[PDB]
Amino acid sequence: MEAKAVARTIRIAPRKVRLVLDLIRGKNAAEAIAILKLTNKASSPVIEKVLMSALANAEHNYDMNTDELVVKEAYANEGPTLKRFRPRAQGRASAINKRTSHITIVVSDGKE
Amino acid sequence: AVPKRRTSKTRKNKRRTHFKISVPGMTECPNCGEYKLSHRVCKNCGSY
Amino acid sequence: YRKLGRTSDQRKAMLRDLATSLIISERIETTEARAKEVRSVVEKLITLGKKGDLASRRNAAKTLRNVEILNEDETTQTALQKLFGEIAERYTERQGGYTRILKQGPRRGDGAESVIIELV
Amino acid sequence: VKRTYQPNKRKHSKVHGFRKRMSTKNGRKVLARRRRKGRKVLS
RNA sequence: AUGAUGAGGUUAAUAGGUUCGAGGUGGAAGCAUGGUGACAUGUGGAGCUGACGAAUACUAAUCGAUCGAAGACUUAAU
RNA sequence: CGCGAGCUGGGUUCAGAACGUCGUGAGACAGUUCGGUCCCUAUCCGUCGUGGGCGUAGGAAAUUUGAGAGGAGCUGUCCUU
RNA sequence: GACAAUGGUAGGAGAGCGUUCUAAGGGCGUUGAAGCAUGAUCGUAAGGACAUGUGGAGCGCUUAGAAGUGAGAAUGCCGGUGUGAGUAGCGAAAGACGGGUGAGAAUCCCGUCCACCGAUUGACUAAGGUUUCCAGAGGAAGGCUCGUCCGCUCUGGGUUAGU
RNA sequence: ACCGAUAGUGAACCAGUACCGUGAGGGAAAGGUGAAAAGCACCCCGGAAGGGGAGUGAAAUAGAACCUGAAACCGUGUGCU
RNA sequence: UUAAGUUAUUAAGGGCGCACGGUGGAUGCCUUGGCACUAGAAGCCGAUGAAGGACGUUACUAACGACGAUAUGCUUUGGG
Ligand SMILES: [Mg+2]
Ligand SMILES: [Mg+2]
Ligand SMILES: [Mg+2]
Ligand SMILES: [Mg+2]
Ligand SMILES: [Mg+2]
Ligand SMILES: [Mg+2]
Ligand SMILES: [Mg+2]
Ligand SMILES: [Mg+2]
Ligand SMILES: [Mg+2]
Ligand SMILES: [Mg+2]
Ligand SMILES: [Mg+2]
Ligand SMILES: [Mg+2]
Ligand SMILES: [Mg+2]
Ligand SMILES: [Mg+2]
Ligand SMILES: [Mg+2]
Ligand SMILES: [Mg+2]
Ligand SMILES: [Mg+2]
Ligand SMILES: [Mg+2]
Ligand SMILES: [Mg+2]
Ligand SMILES: [Mg+2]
Ligand SMILES: [Mg+2]
Ligand SMILES: [Mg+2]
Ligand SMILES: [Mg+2]
Ligand SMILES: [Mg+2]
Ligand SMILES: [Mg+2]
Ligand SMILES: [Mg+2]
Ligand SMILES: [Mg+2]
Ligand SMILES: [Mg+2]
Ligand SMILES: [Mg+2]
Ligand SMILES: [Mg+2]
Ligand SMILES: [Mg+2]
Ligand SMILES: [Mg+2]
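Chains as they are written, first to last, in the UniProt record's numbering: chain A, 1 to 112; chain B, 2 to 49; chain C, 3 to 122; chain D, 2 to 44.
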């Protein structure tokens, strides 16, 4: 059985969040918490909050053993962007993309 | 000054193969708490 | 020596205000490079305190800022009087050291290595 | 550097604005043309 | 530049501190004497000294963790 | 008439002005004279350094062979004969 | 059944395929229409089917009409979306520490120290701006970072003249 | 044998309106839950957003950006390389 | 064993194929709104203060309609 959580429209950009999200996938659920507490990226308190949420949906909703779970899927999709402008020089604006992310981690124990 | 050609999806992904990030220290605190960063004293949720 | 990202006078003023506050509170939280450099400042300033003569009283006041400690029972000593009176009596047998640096995690706004420098 | 349009509440109301448009026939033409577009603010 | 390179990581002199130097500056403060004074002289090559040298475990190089071989066939001599 | 996305801009085809000359004139000369804004965050190739990966039929540490490639390579004067 | 022809641009001629609508006829659809997606199907071509998903109401076929009828290009127009690239930048400048606040503090508050302006970065007062002013409350967006703060947002207040 | 939302009035939407201009003047973009709001009571994580259940409904990848959701683009897996 | 010879295994990453997502709003269907007309009226008001507006008026009120201090309406005659 699998347990998932998502975080939709997180204001961290998708390229910046997929760095730290590559560090934790495939790894067991206990040590993935320890990686997300020690990397000093901006995304590390956000994926950790989502990994807490999917380990909680495992214990509560599906009654899994949260001690032995492994992070199967850990991906971040693109969300809707906020298109901002920026005045540079000589009356000439340039677009700034405030990108958002849908962060999704799923967790399981590998059994059916 | 400007790129004469666009970079492809293949050439872009070959460039950023070293655009990675490392796993940190991750040593246990033997007194109490969770994993601390190596050679560091803990502040929260640990006794180092 | 380290330049700490500042001018010759901005570094000098930063480094003796950081050495005074490590006499007031005896353990302060700074960054790692600013604690590597105030380490040699305050240890050379406890060396002047273990002497205790008038000639090195004048030299410890080259460095120390004019800060007044509110001690217990509402008594007030300066940081110059607290250097030759309390720290100088603690380390009168020890031949060095006088500080330690305990590393901590990065800050939130930076990847600045936080550090507690203590007075041992 | 000093730009154009240094504002003035008296001159703006006196070279534009209603009692000036109404004083000449060609300024009642600009009022009739803005009533015909449905323009919310005249003058 | 980064990282690489090199010296070390407690059985440790790696860096700092401390102690002693080297070199540098040129006679500290305080005190005494003399001068009405400004100042001189003595105390005294004095004090001070960032990177240099030596000594010293005083402080910090913690506990840890990761990676890493099992030796393919074929034929020929042996 | 190598080299300005390496540099200057004295020379010159810019707007000002003046002389000579020509034109009735506005102007003109390819005659002078004074003055006159030099944009670019390097994608690819190429170059100068520097790492990582893998291979080199076990894995390592250390010393090396040199297939090759590159650098160097100038010359005066004086004295003896 | 013989025989012959069949490179081709401007350009001429011919025969077609699809598209939307109309007319008549004949139909198909919640036992799932059109679309959409996939497939190893058929036709000489433009094209046509079928199957299975998705989809949740329409649409085929035959004949004949009508045309806003077929796009890859116009430094086309309008939308999205990349590339450059995690690159340039982050708009003159000195802060440091302690305490506090909180989900969270290099930035918020308080304190001390330091620094800067000081014929002014100090006070008034016009123009001009309109409510930004003041209290609590908040942290989505705005602030070139952060944010517990704000000229931001929410709620409630605030301007008194015989001279 | 008129248009179906880049069409048809600029405007199917609190349009000559945001907005632009000192002014005349110029001038947008933006329709679709379901039959019915029955618009998710409660539980869990979280500061909150968000989620995971449960529940409504024929359907909830119909959850208010809400009919279908095509490509560009971004991903995560893989079979062969 | 020693030679000599041959051929792999590697995928940091990449390619193709497949699968599953996300973004995005094409397409299908839909229509409040437009478009072109036909027929029948009518066309232009105002110093008795027009067209246009501005401020107001609902228990709570921003806007738009509606109506002005008798203000989110009043009276009356008829429908209902
Ligand atoms: Mg990559
Ligand atoms: Mg100075
Ligand atoms: Mg060139
Ligand atoms: Mg001229
Ligand atoms: Mg003449
Ligand atoms: Mg000049
Ligand atoms: Mg032919
Ligand atoms: Mg023809
Ligand atoms: Mg049904
Ligand atoms: Mg179906
Ligand atoms: Mg159709
Ligand atoms: Mg279908
Ligand atoms: Mg056409
Ligand atoms: Mg085009
Ligand atoms: Mg970088
Ligand atoms: Mg950066
Ligand atoms: Mg670049
Ligand atoms: Mg750079
Ligand atoms: Mg930079
Ligand atoms: Mg700034
Ligand atoms: Mg205020
Ligand atoms: Mg306030
Ligand atoms: Mg921010
Ligand atoms: Mg506040
Ligand atoms: Mg549509
Ligand atoms: Mg339209
Ligand atoms: Mg919620
Ligand atoms: Mg669907
Ligand atoms: Mg429907
Ligand atoms: Mg949809
Ligand atoms: Mg890989
Ligand atoms: Mg009359």
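Every residue gets a Cβ at the ideal spot worked out from N, C-alpha and C, and that includes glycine.
Quiz item: Would A:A42 pass as a contact of A:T104 if the rule is Cβ separation under 9 Å?
Solution: no
Quiz prompt | Delimiting residues of the beta strand (DSSP E) encompassing A:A34 | solution = Per DSSP, A:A34 belongs to no beta strand (DSSP E); it is in the alpha helix (DSSP H), 29–36.
Quiz item: With a Cβ-Cβ cutoff of 9 Å, do C:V117 and C:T65 count as a contact?
Solution: Cβ distance not < 9 Å, so C:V117 and C:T65 don't count as in contact.
Quiz item: Quick one: which chain C residues come within Cβ less than 8 Å of B:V42?
Solution: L104, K105, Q106, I118
Quiz item: Can you tell which of A:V20, A:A32, A:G110 has the C-alpha that lies nearest to the C-alpha of A:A76?
Solution: A:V20
Exercise. Just the chain A side, please: which residues come within less than 8 Å of B:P25 by C-beta, in chain order?
Key: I35, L38, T39
Quiz item: Could you give the distance in angstroms between the alpha-carbon of D:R22 and the alpha-carbon of A:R84?
Solution: D:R22 and A:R84 have their C-alpha atoms spaced approximately 41 Å apart.
Quiz item: Which whole runs of the beta strand (DSSP E) in the stretch 39–119 of chain C are 3 residues long or more, in chain order?
Solution: 70–72, 78–80, 102–108
Practice problem: Give the straight-line distance between the Cα atoms of C:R59 and C:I71, rounded to the nearest whole angstrom. | Solution: 18 Å
Practice problem: Might you give, ordered along the chain, the residues of its own chain that have their beta carbon closer than 6 Å to the beta carbon of C:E31, omitting 5 neighbours on each side? | Solution: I118
Practice problem: Would you check if there are 3 or more beta carbon pairs closer than 8 Å linking the stretch 15–32 of chain D to the stretch 44–59 of chain C? | Solution: Judged by pairs of C-beta atoms under 8 Å, the stretch 15–32 of chain D does not touch the stretch 44–59 of chain C, as fewer than three such pairs exist.
Self-check item: Classification of A:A74 by the beta-carbon crowding that lies within 10 angstroms, buried from 16 upward
Solution: buried
Quiz item: Closest to residue 138 of chain C by CA distance: which of A:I10, A:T39, A:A13 is it?
Solution: Look at the range of chain C in this structure, 3 to 122, and you will see that residue 138 of chain C is not part of it.
Practice problem: Taking A:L19 as the query, report the chain B residues whose CB atoms sit under 7 Å from its CB, ordered along the chain. | Solution: Going along chain B in sequence order, the residues near A:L19 (Cβ under 7 Å) are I22.
Quiz item: Between which two residues does the alpha helix (DSSP H) containing C:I25 stretch?
Solution: 10–26
Practice problem: Could you tell me if the beta carbon of C:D11 falls within a distance shorter than 8 Å of some heavy atom in ligand 2? | Solution: yes
Exercise. Return the CA-CA distance between D:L32 and D:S44, expressed in angstroms with no decimal places.
Key: 7 Å
Practice problem: Would you mind telling me which residues of chain A sit closer than 9 Å to residue 50 of chain B, beta carbon to beta carbon, in chain order? | Solution: Residue 50 of chain B cannot be examined here, being either before or after the span of chain B that is shown, 2 to 49.
Exercise. Can you tell me the Cβ-Cβ gap for C:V69 and C:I26, rounded? I've got them flagged as a contact below 8 Å.
Key: With 8 Å as the limit, C:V69 and C:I26 qualify as a contact, their Cβ atoms being about 6 Å apart.
Quiz item: DSSP three-state call for D:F19: helix, strand or coil?
Solution: helix
Self-check item: Residue(s) in a DSSP beta bridge with A:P87
Solution: A:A93
Quiz prompt | Closer than 8 Å at the beta carbon, the chain A residues around C:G113 | solution = Those within 8 Å of C:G113 in chain A are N40.
Quiz item: Are A:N65 and A:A3 touching if we call contact CB-CB under 9 Å?
Solution: no
Exercise. Taking A:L23 as the query, report the chain B residues whose CB atoms sit under 7 Å from its CB, ordered along the chain.
Key: Simply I22, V24.
Practice problem: Taking 9 Å as the cut-off, decide whether the C-beta atoms of C:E120 and C:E28 are in contact. | Solution: Yes, the Cβ-Cβ distance between C:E120 and C:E28 is below 9 Å.
Exercise. Compute the Euclidean distance between the alpha carbons of B:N45 and C:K14, then round it to the nearest angstrom.
Key: 34 Å
Practice problem: Could you tell me whether the stretch 43–52 of chain A touches the stretch 12–32 of chain A, using the rule of 3 or more Cβ pairs below 8 Å? | Solution: yes
Practice problem: Quick one: using the 10 Å Cβ neighbour count with 16 as the cut-off for buried, is A:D67 buried or exposed? | Solution: exposed
Exercise. Give the straight-line distance between the Cα atoms of C:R4 and C:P108, rounded to the nearest whole angstrom.
Key: Distance from the CA of C:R4 to the CA of C:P108, rounded to the nearest whole angstrom, comes to 20 Å.
Self-check item: Presumed contact (8 Å Cβ cut-off) between B:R41 and C:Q106, rounded CB distance
Solution: 6 Å
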